[PDB]
Structure formats: C-alpha cells, structure tokens
Amino acid sequence: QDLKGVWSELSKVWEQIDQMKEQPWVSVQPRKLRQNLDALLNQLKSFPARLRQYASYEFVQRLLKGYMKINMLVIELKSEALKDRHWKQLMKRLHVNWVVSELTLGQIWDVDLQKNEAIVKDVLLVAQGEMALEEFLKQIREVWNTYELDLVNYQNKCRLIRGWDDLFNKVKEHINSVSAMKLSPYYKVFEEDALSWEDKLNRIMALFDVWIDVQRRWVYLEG
Amino acid sequence: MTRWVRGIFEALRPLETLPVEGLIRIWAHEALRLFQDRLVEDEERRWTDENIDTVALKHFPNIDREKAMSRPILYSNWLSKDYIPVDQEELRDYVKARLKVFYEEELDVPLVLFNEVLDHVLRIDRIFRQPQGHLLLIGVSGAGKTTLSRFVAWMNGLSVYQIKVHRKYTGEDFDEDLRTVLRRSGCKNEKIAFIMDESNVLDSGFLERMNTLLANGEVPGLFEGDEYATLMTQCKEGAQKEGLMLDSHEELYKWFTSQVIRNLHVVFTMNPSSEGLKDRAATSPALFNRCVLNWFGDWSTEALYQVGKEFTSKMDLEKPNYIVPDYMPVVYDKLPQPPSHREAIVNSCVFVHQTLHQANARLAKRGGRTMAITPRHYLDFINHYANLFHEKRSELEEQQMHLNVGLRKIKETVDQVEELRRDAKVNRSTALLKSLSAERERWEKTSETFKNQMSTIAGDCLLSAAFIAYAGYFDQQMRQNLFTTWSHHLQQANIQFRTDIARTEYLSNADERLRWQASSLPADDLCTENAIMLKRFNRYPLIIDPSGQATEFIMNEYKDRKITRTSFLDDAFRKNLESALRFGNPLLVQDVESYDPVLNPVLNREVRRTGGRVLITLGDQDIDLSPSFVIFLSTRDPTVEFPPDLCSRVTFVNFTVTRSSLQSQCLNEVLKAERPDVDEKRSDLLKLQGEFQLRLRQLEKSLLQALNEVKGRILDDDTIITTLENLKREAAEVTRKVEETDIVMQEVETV
Ligand SMILES: Nc1ncnc2c1ncn2[C@@H]1O[C@H](COP(=O)(O)OP(=O)(O)O)[C@@H](O)[C@H]1O
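Residues numbered from 1 in each chain as written, not as in the entry; some residues may be left out. Chains lettered and ligands numbered in written order. Part of a larger assembly, values for the part shown. Heavy atoms only, no water.

Structure determination for this PDB entry is given in the record as cryo-EM, at a resolution of 3.3 Å.

Caption draft 1: Broad picture of the overall build of chain A. Each helix and strand in chain A was counted, giving 10 helices and two strands. Secondary structure of chain A in N-to-C order comes out as α-α-α-α-α-α-α-α-β-β-α-α. For a compact globule of 223 residues, the expected C-alpha radius of gyration is about 17 Å, and chain A comes in at 29 Å, more than 25% above that figure. Looking at the 223 residues of chain A, the share that counts as buried comes to 34%. In chain A, the share of contacts with a sequence separation of at least 24, taken over all contacts with a separation of at least 6, comes to 69%. Accessible surface, chain A: about 14600 Å² in total, of which carbon and sulfur atoms supply 53%. (Helix = DSSP H or I, 4+ residues; strand = E, 2+ residues; numbered from the N terminus. Rg over C-alpha atoms; globule rule 2.2 N^0.38 Å. Buried < 20%, exposed > 50% of the residue type's maximum accessible area, 1.4 Å probe, protein only. Contact = heavy atoms within 4.5 Å. Areas by Shrake-Rupley, 256 points an atom, 1.4 Å probe, with all protein chains shown as cover.)

Caption draft 2: Representation of helix α1 (residues 2–21) of chain A within the structure. Residues and elements named next belong to chain A. The first and last C-alpha atoms of α1 sit 28 Å apart over 20 residues, in line with the 28 Å expected at 1.5 Å per residue. Within α1 the residues assigned to the buried category are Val-6, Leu-10, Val-13, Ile-17, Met-20 and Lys-21. On an axial view of α1, the arc spanned by its buried residues comes to 95°, and they lie on one face. Opposite the buried face of α1, at more than 90 degrees from it, the exposed residues are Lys-4, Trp-7, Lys-12 and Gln-19. For α1, the secondary structure elements touched by its buried residues are α2 (30–45), α3 (49–52), α4 (55–69) and α7 (105–110). (Expected span 1.5 Å × (residues − 1). Arc of directions from axis to C-beta.)

Caption draft 3: Region of the structure containing the site of the ligand. All names here are of chain B. In the neighbourhood of the ligand, 14 residues make up the surrounding shell, with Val-112, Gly-144, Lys-145, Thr-146 and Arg-376 lying closest. The contact in question runs from a nitrogen atom of the ligand to an N or O atom on the backbone of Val-112, over 2.4 Å. The contact in question runs from an oxygen atom of the ligand to an N or O atom on the side chain of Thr-146, over 2.8 Å. In the complex, 87% of the free accessible area of the ligand, which totals 570 Å², lies under the protein chains. (Near = heavy atom within 4 Å. Polar contact = N/O pair within 3.5 Å; in protein donor to acceptor, adjacent residues only side chain to side chain.)

Caption draft 4: A look at the interface of chain B and chain A. Taken together, the contact between chain B and chain A spans 11 residues of the former and eight residues of the latter. Approximately 930 Å² of surface area, both sides summed, lies buried where chain B meets chain A, with 55% of it carried by carbon and sulfur atoms. Its largest share of buried area at the contact with chain A, chain B owes to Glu578(B), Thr610(B) and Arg613(B), together 38% of the area lost on that side. Across the contact surface, chain B and chain A share one residue pair in polar contact. When contributions to the side of chain B that touches chain A are tallied by element, the ones reaching two or more residues are α23 (573–583), β9 (607–610), β10 (613–618) and β11 (621–624) of chain B. When its residues are assigned to classes, the side of chain B that touches chain A shows two nonpolar, two polar and seven charged. (Buried area = accessible area lost by both parts, 1.4 Å probe. Nonpolar A, V, L, I, M, F, W, Y, C, P; charged D, E, K, R; others polar.)

Caption draft 5: Spotlight on the packing of helix α6 (residues 85–94) of chain A against helix α8 (residues 117–145) of chain A. Residues and elements named next belong to chain A. With their axes 10 Å apart at the nearest point, α6 and α8 run at an angle of 155° to one another. Here α6 is positioned roughly antiparallel relative to α8, judged by the angle of their axes. For the element pair α6 and α8, the recorded crossing hand is right-handed. Each of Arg-85, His-86, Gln-89, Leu-90, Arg-93 and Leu-94 in α6 lies in contact with α8, whose residues at this interface are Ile-119, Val-120, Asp-122, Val-123, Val-126, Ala-127 and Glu-130. Of the residues assigned to the contact of α6 with α8, the class counts are seven nonpolar, two polar and four charged. (Axes fitted to C-alpha atoms, helices over the stretch in contact; angles between N-to-C directions. Parallel < 35°, antiparallel > 145°, perpendicular 65-115°, else oblique. Left-handed = near helix turned anticlockwise from the far one by under 90°.)

Caption draft 6: Focus on the environment of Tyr154(A). Residues and elements named next belong to chain A. Structurally, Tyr-154 can be placed in strand β1 (residues 150–154). For the pair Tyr-154 and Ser-79, spaced 75 residues apart in sequence, the C-alpha to C-alpha distance is 53 Å. Dropping the residues within four chain positions of it, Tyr-154 is found in contact with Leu-160, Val-219 and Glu-222. At a separation of 2.9 Å, a polar atom in the side chain of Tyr-154 contacts the side chain of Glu-222.

Caption draft 7: Structural detail: the pairing of strand β4 (residues 265–270) of chain B. Residues and elements named next belong to chain B. Most of β4 sits inside the fold, with six of its six residues counted as buried. Bridging between strand β1 (residues 135–138) and β4 involves four bridges; their strand directions are parallel. Across the sheet, residue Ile-138 finds its bridge partner in β4, namely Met-270. Relative to β4, strand β3 (residues 192–196) runs parallel, the two sharing four bridges. The residue bridging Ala-193 from the neighbouring strand is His-265, located in β4. (Pairing = 2+ DSSP bridges.)

Caption draft 8: Quick look at helix α10 (residues 191–222) of chain A. Residue and element names in this part refer to chain A. End to end, α10 covers 46 Å across 32 residues, agreeing with the expected 46 Å (1.5 Å per residue, within 8%). Listed as buried for α10 are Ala-194, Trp-197, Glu-198, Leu-201, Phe-208 and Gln-215. Those residues of α10 hidden inside the fold are in contact with α8, β2 (158–162) and α9 (164–180).

Caption draft 9: View of the pattern of salt bridges. According to the stated counting rule, one finds 44 salt bridges over all chains in the structure shown. Across the salt bridge formed by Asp122(A) and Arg93(A), the nearest N and O atoms sit 3.3 Å from each other. Taken as a pair, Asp122(A) in helix α8 and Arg93(A) in helix α6 lie far apart in primary sequence, 29 residues in all. What makes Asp122(A) buried here is its relative accessible area of 8%. For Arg93(A), a relative accessible area of 37% translates into the label partly exposed. A salt bridge links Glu43(B) to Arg46(B); the nearest nitrogen and oxygen atoms lie 2.6 Å apart. Highlighted residues: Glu43(B) and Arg46(B), both in helix α3 (residues 42–59), separated by three residues, approximately one helical turn. (Salt bridge = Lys/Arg side-chain N within 4 Å of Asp/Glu carboxyl O.)

Caption draft 10: How the structure looks around the sheet that holds β1(B). All names here are of chain B. Taken in spatial order, the five strands line up as β2-β3-β4-β1-β5 in an open sheet, and their pairing is parallel. For this open sheet the edge positions go to β2 (159–162) and β5 (292–295), each flanked by a neighbour on one side alone. Going across the sheet, the axis of each strand differs from the next one's by a mean of 25°, ignoring polarity. Against the sheet, helix α8 (residues 171–187) makes contact with β2 and β3, and its axis sits at roughly 170° relative to β2, the strand it touches most.

Caption draft 11: View of the side chain of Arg539(B). All names here are of chain B. Summarising the element assignment, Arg-539 is placed in the loop between α21 (525–535) and β6 (541–544). Within the structure, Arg-539 has its side chain in polar contact with the side chain of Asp-380 (distance 2.8 Å). In this structure the side chain of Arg-539 is engaged in a polar contact, spanning 2.8 Å, whose partner is the backbone oxygen of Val-650. Non-local contacts of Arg-539, meaning those with residues more than four positions away in its chain, are made with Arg-376, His-377, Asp-380, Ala-469, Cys-647, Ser-648, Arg-649, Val-650 and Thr-651.

Caption draft 12: Representation of the nonpolar core. With 134 residues, the main nonpolar core has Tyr385(B), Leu542(B), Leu599(B), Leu633(B) and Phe642(B) as its most contacted residues. The dominant element in this core, judged by the number of residues it contributes, is helix α17 (residues 425–469) of chain B, at 10 residues. (Core = buried A, V, L, I, M, F, W, Y, C linked by side-chain atoms within 4.5 Å.)

Caption draft 13: Expanded view of the packing of helix α10 (residues 226–241) of chain B against helix α11 (residues 249–262) of chain B. Residue and element names in this part refer to chain B. Running from N to C, α10 and α11 point in directions that differ by 75°, and their axes come no closer than 10 Å. Judged by the angle between their axes, α10 and α11 are roughly perpendicular. Listed contacts from α11 to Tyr-228, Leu-231, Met-232, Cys-235, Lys-236, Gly-238 and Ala-239 of α10 are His-249, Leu-252, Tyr-253, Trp-255 and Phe-256.

Here it is as structure tokens:
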C-alpha cells in the first residue's frame, strides 16, 4: 500500500544517510557533503504529496534541514583551528567520549550542534585566537632565523654592517608586540616559548645597541 | 549623466514588458539617487523633488502621475528579483527580519529603522552592488554611518574590514594594512567593505595612496621586493582556483588588479565640515570623482520620535489618570490626538533635543563657544531617562514595602498589647495605644506622600536625565535657562513633577555630598552639579577646568581604587591603558587637546561579549576589559576646540567660572557670612527634598529593630515610648517645615 511504499522510501533514505555518515570526519569534504545533502533533499522533494504528509518523512526532512543549518558550523569546525586541544575542550564540556582517529560525521551529528551553537562558537573563537598567535610566532621564527646582517666593505680593510634603522625598528616593533601579547586570555598557552623569545629579543637588542656605538667609534677613530 | 544612463540601463536589463509609467518611475528614482542624494539642507531637496515631477509632467503629458511618480520612490532587488519596485512597509518588515538575524550574529545593540535609515540602507546596497563601488558617507557623528555600512556589508556578504589608527601611526603600518586588505580582497577572492572615520584621514600621507587606489584600482609601490614575489605566489594559486591558468607576471598582476576592483569597496565615514571638505577636495579629487557621496545629518523629528518610542517600551509611562491638556505644545506633527502619557513624554523628549539645538544656535549667534550636538546625545539622554526612571521607581517601591511591613508589625504589636491589657500600668498601656494609633495615621499620610511622589516621578526623572546627558558644557545661567525651558514645556503638557525640584539633592544623598566635601571640592552649586554628573554618566566624562580642582578631586575620590595619572603626551600612555584594562583601576587623562585615536574603542564602548568573556579591541589585539574600569578625560584650557567625533563620545563637565557662577558664589558667601539665619533656613528648604524624610526612614528602621524584641522586657516601665515620641517630635518638625515652606522660601528670595 501507500504506507508500505513510504516506509520503503524512508528505509532507502535512512540507508543513504547512514552510508554518508560512515565517512570519517577527516575525509568529509564540507562542499561535497553540502552538494550530496542537497541532492538528498531534492530526492525527498520528488516524493508525492501523499507520501510527503507522513510524519516520519517530515522528521527526516527537518533533520536534513537542521543539517543544512549546521553545515556552516561543520565548515568552521573542519579547519586548521580545532587541532586537538580545542577538540579536547569540546569533548570535556559536551561530556562525550569519542576517538580522534575513529571520529566520523555521524558522532558529531548525533550531538545537537544547533543546541550547542554557543559552545561551538566559543571554541572556534578561542581556536582563532590561538592560531593567530601561533602564526604570529611562526612569523617570528621565520623572520629571525632567515634574517641576515647587511655586511658591506670598508676600503678593502674589513666588512662592516649597515641597515641599523630597519633592524632596530624591527626589534622595537617585535619587542612591543611580544610584551603586549602578555595581555588577553589567550596568553595562557605557549607562555614559556613567549618568554624565551622575549629573552632572545632583549639579548639581541642590547648587544646590537652596544654594537652600533662600537662600530661608529671604531670608524671615527680609524679615520 | 553617464551614471544616470548606466543606472537606467541596469534597471531595464532584466525586464521585458514595462509600461511608460514604470520607465519614468525608474528615471525619477535614478535622478533622485544621483542628484537629490548629495544635497545638504532641506530646501534644495524640496526644490529637486518638486522640479523632477515638474519636468516629468512637462515632457510626458497624457500619463497618470500617481503611479509614474509616487511619493515613496524606492527600488531594490531583495524582494523577488529583477530590481522590481518595493513598497515601503514590506521592505520595512524584511529589513526588520534581517536586522533581528544580524542581532543574532553581530551588533546586538538595538537599532531603530525609520524612513531615513530605510533609504540609506538601499543607497549603500546599490552602491555596493556595483563594480568599483567606492563610497563616501557624510554625516554628524552617531547618525548611523558606520553602523549602516557594516549592516549592509554583512547583508551582502561583504566582510567589513576597518583599519584602526593611534598616535605615532607611521606610514609603514598603513602600508602593511593596505597590503593585508588587498591580499585578502584580490588574491583570496573575498569581497571587503573597507571602512574608516575622519580620524585616520587627517594625515595627508595616506590620502595619496588612497587616491591612487581609488582612481587606478591598484596602488603601485605598495608591493615590492620579496613581498611582490610572495604576492605572485598566492596570485598564481588564486588564478588556479578560478581556472584562469596564466604564467607571465604582468598578466597575473593585471588579474590581481581586476580582482581588486571587482572585490574591494572603500567607505569613507566623515564629519560635515565645509572647510575640511574643501581641503580634502583640494588634496584628493578621487573622493568626489570615484567616490559617490551620501548626505545624512541630524535625525529628523520623526526619527527622533520613533527612537524615543522604541527606547521607552520597557518603561511604564502609563497614567490612566492623565488629563490631555488643551493646546498641547507639539514638535512632532503626526502626533496622535489625543496623545497618551508615553506619546506626550516622547514628544517632550524630542522637544528637549530640538530646543537644545535652538539654544546652541542662539549661543553661536551670540559669539560664544559651542559644541556639536549629535543623535548620540539623544541616545545617551534616553538611556539616562530609562535608568533614572527604573532606579527611582525601585527606590520608591522598596520604601513602600518597608512602610507596609512596618504597618503590619505595628498592627501585630497593638494586638499583642491589647491581649496583655486583657489580662499605673493600665494608663501606660492606654497611652501606648494612643501613640501607636497616632503614628499609624502618620504612616498613612506617609503613604499618601509616597503616592504623590510616584505621580511626580516621571517628570522628575525626565528633567534630571535631560540635565545630566545634555547640559554640562554651558555655564550656570544657560543650564538654568534650559532647565526652566524644559520645565515650562512640561507644565504646558500637564505632566506631574515637583515645581521646586532641587537637582543636586534629587540625584544624590547626604553621604556622597559629605564624601565629596572631604575631597577637594568647593561648596558651589556649579561644582555640586558637576560632581553629580561625575557620579552618574554613561559616556565617559571630559573635564575642563582652569584651576585643576577637578583633577585632585577625582584623585581623592578614587585613591582607594589605585587611580593613576597619565597624559597623551607621555609615550607610556598605551601601556597604562593596557594595565588599566588588565587590572581595572580608574585612569584620569590630562591634555585631551592632543587627542589620541587609540581611546575610540574605549569611548565607543566596543565590547565583544562571547563565551563568558568581555573583549575590547585596542590596536590589533583583543584585551579582557575589567568590569570596574572607568576613564576620565581632563584638560586645563577652556578656550579649546574639539572634533565633533570626540564631542559625541564624552559628556562635558564644565568648571569654568563665568558672570553667573561667580555671582551665585558671592551671593551664597554673603548669605552664609552676613545673614546666617537665612542660610540655615535656605539649607532647610533645600534639604527638605528627601533628606529629612531619609533621616525619618532611618530612625523608623531603628525603631522597628528595637520593637522587634517585644516580649515583657520591652515593658521595663511599660513605656518604651521614648523612641516613638522622639520620632513624633522630628515628624512634627518636618511637617511644620512642609506647611511653612512657602513663607520661608519667599523670605529667602527677598534676602
Ligand atoms: N537607526 C538607529 N536607531 C537606533 N540607534 C542607532 C541608529 N543608528 C545608529 N544608532 C546608534 O548610534 C551609533 C552610531 O554611531 P556611528 O554612526 O557608527 O558613529 P560614526 O558615524 O562616528 O562611525 C551606534 O552606536 C548605534 O547604536
């Protein structure tokens, strides 16, 4: 009958949804997921109105609509922000015990992301701040490890250093930024490396501030 | 004319069938968006509105003018598509829905969508929905320039990005910021709505680079060296993303440039100033050539009245016994007749705003120094009104509850003493009953007075808030004149308020005044009002004073909270701000003339509240704002000018002595030093506004505390009646003061 047909269609839709949800979170592409779920919604709309009036079809349709609404949550979650510590905070606050290697879209979808939108957004903002500071530190290492002194000849006698203004400006901006980074609640992570780089910056600043005077005096007295 | 042509063409492209009335309607709308949009005052706007219809009827006879040129001319593509005309009300409903959604994501602060905002949103959208749609907004501070810009940018997918300026802002930081915004806009192909205020425009170095960026679509010299090589590295990836594989450097550079034009819109939010506008025309023609400009200055009367209605919804303002007065003093023409209590109050608020514009214009005509008045002043005033109404209503409500509990306790005690009588002592008990009954009728009279205060509370709070938020820059005489003007306007409204209200006492208590007097603060009426404002404010106060008493006064007031002193000239100012935000200690600031734009997020109260955290954006860093943080701005030279953007973010506290402040000071000194008795009578008249009632309330609380222990021991001589006859004698004294207030007031006036 019509009830048997709608039950069979519902079983097919549930099987398709379960097969999609077996994809692990690592390999779930948000764009392809959205496209395939839109295809599922189009397939659901292709049912006749008599089959559409059934309550179970409405429940599955509204579940897919909620998946549409939380798709942007999924997009923000699948990025370089969560890493593993933010995932740990999410599991701690949501009181769910998952496995990172075995994490799949089904486990996350079971937990109501729409209900927990505020928690997810807070975790995402914390991760945004953490990744911003991490990339700032990465820029620090990449700019100080590859930086070279501007060596220049001095009448075939020695090889002196120029470019004092640029180096000193970089050091001052760097030390001010590192000192200001002590603010904000995000400062609690990677504090030891921050203080180590503080010490490195202070050391280079003092050494080169002495060096400029030494070089100027040496050039004058040599002349 | 060419923009007119292009707009007509774009509006006609998606349509296939269109009557002539629709064509002339599109024509009129496009002309309004090109010609009437840039006009300044209302006369030119009316001239354009009438003459466009005149031209349309003169060149197009035999057409119906109602459909061809309808008064609410308005076009959009939000509802349905194809740029079809939209009705005002359906558009208002849609923008309300989108604003509520926005409230969910960003900028939870309420906004009121009146007709002016409804027009500006569509104008901003129309300019944004166009390649190379650089735009310039001109309007008084707080008119809703940046707010509407960010709203439309969010609604269109434009990711708003505004640079932040501070002192010692070198051109290299600016160049890096442009590098970042161009990399985000072109290489990564995200649309950006680039926004700024006038504060970062004042430096002329940035205007050259912006001129090149606006005209050419790309600034040469910003990208060079290894930065240019990196730019090419992600430019190739961006070309790969769009499937536009190219290898030659210059073709990819042109592709990046084209991506910049198609995906970058610059918004200039700037304060109307004829001389400054001429200067920026001189130094940058692209601001008028490439950047279409929008005018919207002070809110119209209808906008102010709508804001007043929306922001006074939680407030009660419902008097069923409100008698409508004949010849209502009205400033809003569409006021419902007869108006209700809330309508009358909002009309009075709009009247206060307009009459202070009138007073400012009159003072400017006199040749004095004036400060720009902004709708942010109106918002601050309505916030003071709401807060004061809520606080006073609460205080009266707990006072009435205390009175009711005391009356119930008195009834219980009377019943207990009657039961004891059921069992010289009898005479003492009868006297106790007589005294208890007498004080019971006295508390019924106190309830009557409480109801009268509840009647007058609305007017009292309105006057108090209007004084605190609006006045403060003017001298004592102008403050008194404005207060009298408001009082006469409200008495013309038959609104209930005290005819002899004292502003100093209705807004503070005895303990705070004595605490102020303990600190360095002379006993002057102007000084008391200024300290009143310093106690209660929403926008952080700005202090002007020549002798410096205010600085030491607010040091002594906040010494316990480790207040610190730092000026703009000192280079440690930014670090002191960091420390103040981290810890929460107050920070007085001097030398406000050399203003540092770093305080703008602090003054604007740009707080980001998410996940149990409150964040404030100083620089490119987010800082946890301490809940108990407060900042005071001070100066020393009265004859200074402030940019109106600053004037719209701080409340002015003026300590400069004038021909009226010193006159009052000398008169009070003579009264206290030559006619003392008149001085204590004037003090009694002034302190009758609750302080005597406050002492009565405290002593009645003590009496209730003593009477709570009533079992045998209270009858040591069957007469604990000493406390209640004491209460009776101060009650008789204050009552005699109440009946004889007019005679003493007249005598003080004569002296
Ligand atoms: N239509 C409105 N209704 C209610 N409040 C508004 C409206 N428009 C603006 N506001 C308020 O006024 C302020 C506008 O400031 P803004 O115009 O952004 O300053 P600036 O123009 O200097 O950038 C905002 O804080 C907002 O809360």
